[PDB]
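The chain below stands alone and is given in structure tokens; this is the form deposited in one PDB entry.
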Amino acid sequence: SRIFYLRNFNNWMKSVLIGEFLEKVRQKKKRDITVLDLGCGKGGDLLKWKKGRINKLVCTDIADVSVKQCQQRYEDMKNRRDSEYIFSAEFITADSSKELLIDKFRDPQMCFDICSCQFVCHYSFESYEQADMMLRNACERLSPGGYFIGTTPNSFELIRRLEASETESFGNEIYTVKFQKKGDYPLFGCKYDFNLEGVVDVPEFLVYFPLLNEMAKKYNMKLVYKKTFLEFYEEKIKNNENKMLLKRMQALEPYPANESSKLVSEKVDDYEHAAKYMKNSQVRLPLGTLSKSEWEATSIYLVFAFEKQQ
């Protein structure tokens, strides 16, 4: 609830990211779209893929309870008898950093047009073999022209804040990051603690993107683009369909508040940027924005997309 809009914004990011590359794939394929949702969680993206009209989805995760729960949502969606088409689906419990997915698929010859890895990649960089294995499961069975898309913390921003901090910790009322040590950052196994009041409290690993870029070349992948969350937003909101969606998903908080409602943050200067903004020649009100606290926590992330060469 304190994090209500933080969630919606992140969901909007995935919607637009997924949306963009669904349109690209369909521009090339003109047939049944197959997608791998790697580290699917409890199925937060099930609805997104349903809206995207894909034909088959494969949901996989290390947490067996999550996967089945993901399966349960999907069953509930398909079992709600209406007119909407839904993808056929497949659910696999598996460590995608130590296990080969191709041996687990129903179809041994399975290929994908898109692998979607949202907020998962950095767990694989515990070691080289695990990182290579996840990259392999994500990219090797991609159809030529297919994509590897996802979201993961920006190590540049992480190290920036770490080294600027007085200690080995940094964060606020909403998130916390704790490195064991600064100055030393191994290519693999660079461990930090991550706590996001409302979503995670789970050790993560530093992902040096030039490294991920290099490792991905192993499976004939070229970089499509890599963007900070602000950059991706600044591009995507330039499209009114994306902007209307931003509102419908309530991905920003209305500002200023109604006399009868409340801002989400009680923190004293959490909305200074918004206040300063409407101190210029008049703004059309109300504003949509995010608390400074929430933005600090989510601006840490970047978006990436790789393409499978021909």
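Residues that one form lacks are left out of the comparison. Numbering starts at 1 and runs along the sequence shown. Here the rigid core means the biggest group of C-alpha atoms that line up within 1.5 Å when the two forms are laid on top of each other.
Modelling of residue 200 is missing from a third or more of the other compared entries in which both of its neighbours are modelled. Of the other entries compared for this protein that flank it with modelled residues, a third or more give no atoms for residue 31.
For the two regions 152-160 and 182-190, the entry's Cα B-factors average higher over 182-190.
Higher mean CA temperature factor, per the PDB entry, when comparing 31-39 with 66-74: 31-39.
By the numbers in the PDB entry, the CA B factor is greatest at 281 among 242, 60, 250, 281. When all modelled residues of the chain are sorted by CA temperature factor, residue 119 is found within the lowest third. When the modelled residues of the chain are ordered by C-alpha B-factor, residue 139 sits in the middle third. Placement of the Cα temperature factor of residue 10 within the chain: lowest third of the modelled residues, per the deposited record. Among the modelled residues of its chain, residue 287 has a C-alpha B-factor that falls in the middle third, as given in the PDB entry. Among the modelled residues of the chain, residue 166 sits in the highest third by CA temperature factor in this PDB entry.
As for the form deposited in another entry, it is not shown, yet the points below apply to it.
With the core fitted between the shown form and the other one, just one of 214, 129, 82, 107 shows a Cα displacement of at least 2 Å, namely 82. Relative to what is shown, residue 84 and residue 241 are farther apart in that other deposited form; their C-alpha atoms differ in spacing by at least 3 Å.
Comparing the conformations between the shown form and the other one, with the rigid core held fixed, yields the displaced runs 81-85, 198-200, each spanning 3+ consecutive residues whose C-alpha shift is 2 Å or more.
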